[PDB]
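Asker: Dumping the structure here so I can ask a few things about it.
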Amino acid sequence: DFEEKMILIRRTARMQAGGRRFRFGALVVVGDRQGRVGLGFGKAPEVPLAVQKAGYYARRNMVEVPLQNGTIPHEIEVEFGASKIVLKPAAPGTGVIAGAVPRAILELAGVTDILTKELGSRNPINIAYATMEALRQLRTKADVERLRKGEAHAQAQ
RNA sequence: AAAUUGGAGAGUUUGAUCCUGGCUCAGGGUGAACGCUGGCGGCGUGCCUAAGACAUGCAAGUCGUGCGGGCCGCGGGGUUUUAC
Ligand SMILES: [Mg+2]
Ligand SMILES: [Mg+2]
Ligand SMILES: [Mg+2]
Ligand SMILES: [Mg+2]
Ligand SMILES: [Mg+2]
Ligand SMILES: [Mg+2]
Ligand SMILES: [Mg+2]
Ligand SMILES: [Mg+2]
Ligand SMILES: [Mg+2]
Ligand SMILES: [Mg+2]
Ligand SMILES: [Mg+2]
Ligand SMILES: [Mg+2]
Ligand SMILES: [Mg+2]
């Protein structure tokens, strides 16, 4: 029970003697606007069917974004193939200043203020993935402190 | 140049795809010009070209408490032919 978004829809061709033969691809985001978002890419031979598919997939591929007051805990830059996303967190009332794709993903995550640039290939699908991977990677003076102290944590805390 | 105050992309090579890569667009700006249209005010601002040629008018004068005198006169005096 999340909101869904359409990143993008495309049509694609095979070949058989006597014609092209088509298939559809849907890129779908799914969020609960409070720190959980999932991305799904589904292909079927019919467009709405593909989206259904896509939506199913999205919910299985879910990522808990640690939102820190409308924004993300530190800056971060992530490459995926040719494509590369940068996420710089921002102050209140800044807005999601991000491209076409990352926005949709960020918005449904529950993010409200954040800085962004795409870089390298701009391909939707990889930018989609680079963003989801970027968010999959964020940590906290908390998340981090446990990793480093860790090996005797709870002596100082 | 004292809240980390700040960063959006899209179209286009293929039957489709990923990359490379160039082309192109949306933004902001002007000592602007051109089209269509044009009610009022305030503040700015107006030869970017031939540093080409220039009619006319004005654009640096002032001091008589530094000094003598020409011209046109006003008074007021002394005085050898009523001129000095
Ligand atoms: Mg986490
Ligand atoms: Mg690379
Ligand atoms: Mg902050
Ligand atoms: Mg490129
Ligand atoms: Mg491009
Ligand atoms: Mg070729
Ligand atoms: Mg074609
Ligand atoms: Mg303009
Ligand atoms: Mg007119
Ligand atoms: Mg001239
Ligand atoms: Mg000139
Ligand atoms: Mg002259
Ligand atoms: Mg004197």
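Chains: A, B, ... in order of the structure tokens. Residues: from 1 per chain. Ligands: from 1, in order shown.
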Would you kindly report the residues of chain A within 10 Å of chain B, using only C-alpha atoms (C1' of nucleotides), as a PyMOL selection string?
Answerer: chain A and resi 11-15+19-23+81-82+86-94+96-103+114-118+121-123
Asker: Please identify which residues in segment 22-113 of chain A DSSP calls strand (DSSP E or B) from the backbone, and express them as an MDAnalysis selection string.
Answerer: chainID A and resid 22:31 36:44 62:64 68 71 76:80 83:89 96:97
Asker: Can you tell me which residues come within 9 Å of ligand 10 when counting only C-alpha atoms (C1' of nucleotides) and all ligand atoms, ideally as a list in words?
Answerer: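 Every residue with an atom at most 9 Å from ligand 10 is listed here: residues 47, 49, 50 and 52 of chain B.
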Asker: Output N, CA, C and O atoms (P, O5', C5', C4', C3', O3' and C1' of nucleotides) of each residue in that selection to a file, as a PDB file, in the first residue's frame.
Answerer:
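Printed below is again14.pdb as written:
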ATOM      1  P     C B  47      24.938  57.930 -26.623  1.00  0.00           P
ATOM      2  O5'   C B  47      25.842  57.507 -27.848  1.00  0.00           O
ATOM      3  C5'   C B  47      25.251  57.183 -29.095  1.00  0.00           C
ATOM      4  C4'   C B  47      26.208  56.439 -29.984  1.00  0.00           C
ATOM      5  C3'   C B  47      27.527  57.166 -30.272  1.00  0.00           C
ATOM      6  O3'   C B  47      28.557  56.200 -30.541  1.00  0.00           O
ATOM      7  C1'   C B  47      26.362  56.845 -32.284  1.00  0.00           C
ATOM      8  P     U B  49      31.807  51.253 -32.773  1.00  0.00           P
ATOM      9  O5'   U B  49      31.318  51.466 -34.273  1.00  0.00           O
ATOM     10  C5'   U B  49      31.530  50.468 -35.258  1.00  0.00           C
ATOM     11  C4'   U B  49      31.156  50.945 -36.635  1.00  0.00           C
ATOM     12  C3'   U B  49      31.708  52.310 -37.034  1.00  0.00           C
ATOM     13  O3'   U B  49      32.104  52.276 -38.398  1.00  0.00           O
ATOM     14  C1'   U B  49      29.372  52.293 -37.292  1.00  0.00           C
ATOM     15  P     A B  50      33.658  52.317 -38.776  1.00  0.00           P
ATOM     16  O5'   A B  50      34.124  53.715 -38.191  1.00  0.00           O
ATOM     17  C5'   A B  50      35.230  54.410 -38.744  1.00  0.00           C
ATOM     18  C4'   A B  50      34.991  55.896 -38.718  1.00  0.00           C
ATOM     19  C3'   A B  50      33.779  56.328 -37.909  1.00  0.00           C
ATOM     20  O3'   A B  50      33.987  57.649 -37.428  1.00  0.00           O
ATOM     21  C1'   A B  50      33.433  56.843 -40.191  1.00  0.00           C
ATOM     22  P     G B  52      38.729  57.758 -38.547  1.00  0.00           P
ATOM     23  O5'   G B  52      37.311  58.390 -38.920  1.00  0.00           O
ATOM     24  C5'   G B  52      37.133  59.796 -39.004  1.00  0.00           C
ATOM     25  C4'   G B  52      36.622  60.223 -40.367  1.00  0.00           C
ATOM     26  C3'   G B  52      36.345  61.718 -40.541  1.00  0.00           C
ATOM     27  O3'   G B  52      37.514  62.479 -40.814  1.00  0.00           O
ATOM     28  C1'   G B  52      34.509  60.472 -41.373  1.00  0.00           C
TER      29        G B  52
END
Asker: Might you pull out every residue within 10 Å of residue 128 of chain A, with only C-alpha atoms (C1' of nucleotides) counted and same-chain residues fewer than 2 positions away left off, and present them as an MDAnalysis selection string?
Answerer: chainID A and resid 7 27:29 39:41 80 83:85 100:105 122:126 130:134
Asker: Those residues you just picked out, can you put them in a file as a PDB file, in the first residue's frame with N, CA and C atoms?
Answerer:
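Below is the file result10.pdb, written as the result:
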ATOM      1  N   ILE A   7       8.436   6.051 -13.753  1.00  0.00           N
ATOM      2  CA  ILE A   7       9.673   6.498 -14.311  1.00  0.00           C
ATOM      3  C   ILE A   7       9.619   6.603 -15.833  1.00  0.00           C
ATOM      4  N   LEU A  27       9.265   1.219 -16.145  1.00  0.00           N
ATOM      5  CA  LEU A  27      10.093   1.442 -14.995  1.00  0.00           C
ATOM      6  C   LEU A  27       9.234   2.103 -13.953  1.00  0.00           C
ATOM      7  N   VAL A  28       9.052   1.450 -12.807  1.00  0.00           N
ATOM      8  CA  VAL A  28       8.107   1.906 -11.771  1.00  0.00           C
ATOM      9  C   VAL A  28       8.701   2.109 -10.332  1.00  0.00           C
ATOM     10  N   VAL A  29       8.415   3.245  -9.696  1.00  0.00           N
ATOM     11  CA  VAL A  29       8.854   3.461  -8.317  1.00  0.00           C
ATOM     12  C   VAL A  29       7.704   3.340  -7.347  1.00  0.00           C
ATOM     13  N   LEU A  39      12.210  -0.106  -6.474  1.00  0.00           N
ATOM     14  CA  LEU A  39      12.230   0.149  -7.892  1.00  0.00           C
ATOM     15  C   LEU A  39      12.067  -1.167  -8.602  1.00  0.00           C
ATOM     16  N   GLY A  40      11.271  -1.148  -9.667  1.00  0.00           N
ATOM     17  CA  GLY A  40      10.983  -2.345 -10.433  1.00  0.00           C
ATOM     18  C   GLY A  40      10.959  -2.047 -11.910  1.00  0.00           C
ATOM     19  N   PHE A  41      11.544  -2.944 -12.687  1.00  0.00           N
ATOM     20  CA  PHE A  41      11.530  -2.813 -14.128  1.00  0.00           C
ATOM     21  C   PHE A  41      10.899  -4.088 -14.632  1.00  0.00           C
ATOM     22  N   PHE A  80      27.049   3.735 -11.705  1.00  0.00           N
ATOM     23  CA  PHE A  80      26.441   2.472 -12.118  1.00  0.00           C
ATOM     24  C   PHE A  80      26.558   2.382 -13.612  1.00  0.00           C
ATOM     25  N   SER A  83      26.627   5.551 -15.987  1.00  0.00           N
ATOM     26  CA  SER A  83      25.842   6.594 -15.363  1.00  0.00           C
ATOM     27  C   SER A  83      26.268   6.817 -13.923  1.00  0.00           C
ATOM     28  N   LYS A  84      26.085   8.041 -13.449  1.00  0.00           N
ATOM     29  CA  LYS A  84      26.614   8.414 -12.147  1.00  0.00           C
ATOM     30  C   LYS A  84      25.729   9.445 -11.495  1.00  0.00           C
ATOM     31  N   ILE A  85      25.334   9.201 -10.250  1.00  0.00           N
ATOM     32  CA  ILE A  85      24.501  10.162  -9.559  1.00  0.00           C
ATOM     33  C   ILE A  85      25.192  10.770  -8.377  1.00  0.00           C
ATOM     34  N   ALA A 100      14.668  14.438 -13.696  1.00  0.00           N
ATOM     35  CA  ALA A 100      13.475  13.669 -13.979  1.00  0.00           C
ATOM     36  C   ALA A 100      13.377  12.367 -13.157  1.00  0.00           C
ATOM     37  N   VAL A 101      14.330  11.463 -13.364  1.00  0.00           N
ATOM     38  CA  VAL A 101      14.263  10.197 -12.649  1.00  0.00           C
ATOM     39  C   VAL A 101      14.436  10.385 -11.146  1.00  0.00           C
ATOM     40  N   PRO A 102      15.655  10.727 -10.688  1.00  0.00           N
ATOM     41  CA  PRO A 102      15.999  10.712  -9.257  1.00  0.00           C
ATOM     42  C   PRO A 102      14.907  11.306  -8.374  1.00  0.00           C
ATOM     43  N   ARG A 103      14.299  12.395  -8.848  1.00  0.00           N
ATOM     44  CA  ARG A 103      13.171  13.026  -8.187  1.00  0.00           C
ATOM     45  C   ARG A 103      12.171  11.979  -7.755  1.00  0.00           C
ATOM     46  N   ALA A 104      11.566  11.306  -8.726  1.00  0.00           N
ATOM     47  CA  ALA A 104      10.501  10.334  -8.458  1.00  0.00           C
ATOM     48  C   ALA A 104      10.865   9.367  -7.371  1.00  0.00           C
ATOM     49  N   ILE A 105      12.116   8.922  -7.417  1.00  0.00           N
ATOM     50  CA  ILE A 105      12.655   7.964  -6.477  1.00  0.00           C
ATOM     51  C   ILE A 105      12.818   8.648  -5.150  1.00  0.00           C
ATOM     52  N   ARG A 122      23.034   9.479 -19.347  1.00  0.00           N
ATOM     53  CA  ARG A 122      21.849   9.954 -18.681  1.00  0.00           C
ATOM     54  C   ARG A 122      20.750   8.895 -18.693  1.00  0.00           C
ATOM     55  N   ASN A 123      21.021   7.763 -19.363  1.00  0.00           N
ATOM     56  CA  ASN A 123      20.057   6.666 -19.433  1.00  0.00           C
ATOM     57  C   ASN A 123      19.250   6.356 -18.163  1.00  0.00           C
ATOM     58  N   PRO A 124      17.962   6.813 -18.141  1.00  0.00           N
ATOM     59  CA  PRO A 124      16.885   6.508 -17.216  1.00  0.00           C
ATOM     60  C   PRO A 124      17.154   5.296 -16.378  1.00  0.00           C
ATOM     61  N   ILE A 125      17.155   4.149 -17.042  1.00  0.00           N
ATOM     62  CA  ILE A 125      17.309   2.876 -16.371  1.00  0.00           C
ATOM     63  C   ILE A 125      18.562   2.769 -15.514  1.00  0.00           C
ATOM     64  N   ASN A 126      19.684   3.300 -15.983  1.00  0.00           N
ATOM     65  CA  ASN A 126      20.896   3.161 -15.188  1.00  0.00           C
ATOM     66  C   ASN A 126      20.945   4.250 -14.146  1.00  0.00           C
ATOM     67  N   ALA A 130      21.397   3.667 -10.378  1.00  0.00           N
ATOM     68  CA  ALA A 130      22.456   4.374  -9.658  1.00  0.00           C
ATOM     69  C   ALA A 130      21.928   5.106  -8.408  1.00  0.00           C
ATOM     70  N   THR A 131      20.750   5.705  -8.551  1.00  0.00           N
ATOM     71  CA  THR A 131      20.067   6.411  -7.475  1.00  0.00           C
ATOM     72  C   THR A 131      19.642   5.462  -6.387  1.00  0.00           C
ATOM     73  N   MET A 132      19.038   4.354  -6.797  1.00  0.00           N
ATOM     74  CA  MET A 132      18.555   3.374  -5.845  1.00  0.00           C
ATOM     75  C   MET A 132      19.744   2.791  -5.135  1.00  0.00           C
ATOM     76  N   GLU A 133      20.846   2.649  -5.858  1.00  0.00           N
ATOM     77  CA  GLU A 133      22.039   2.124  -5.227  1.00  0.00           C
ATOM     78  C   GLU A 133      22.669   3.159  -4.321  1.00  0.00           C
ATOM     79  N   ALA A 134      22.660   4.414  -4.736  1.00  0.00           N
ATOM     80  CA  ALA A 134      23.116   5.482  -3.859  1.00  0.00           C
ATOM     81  C   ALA A 134      22.381   5.475  -2.499  1.00  0.00           C
TER      82      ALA A 134
END
Asker: Find the distance between atom 1 (Mg, counted along the ligand's line) of ligand 4 and atom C1' of residue 23 of chain B and write it in Å to one decimal.
Answerer: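 Pair atom 1 (Mg, counted along the ligand's line) of ligand 4 / atom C1' of residue 23 of chain B returns 13.0 Å.
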Asker: Which of chain A counts as helix (DSSP H, G or I) under DSSP, as a PyMOL selection string please?
Answerer: chain A and resi 47-60+100-109+124-135+143-148
Asker: Do you have the atom CA of residue 38 of chain A-atom CA of residue 59 of chain A distance handy?
Answerer: 5.6 Å
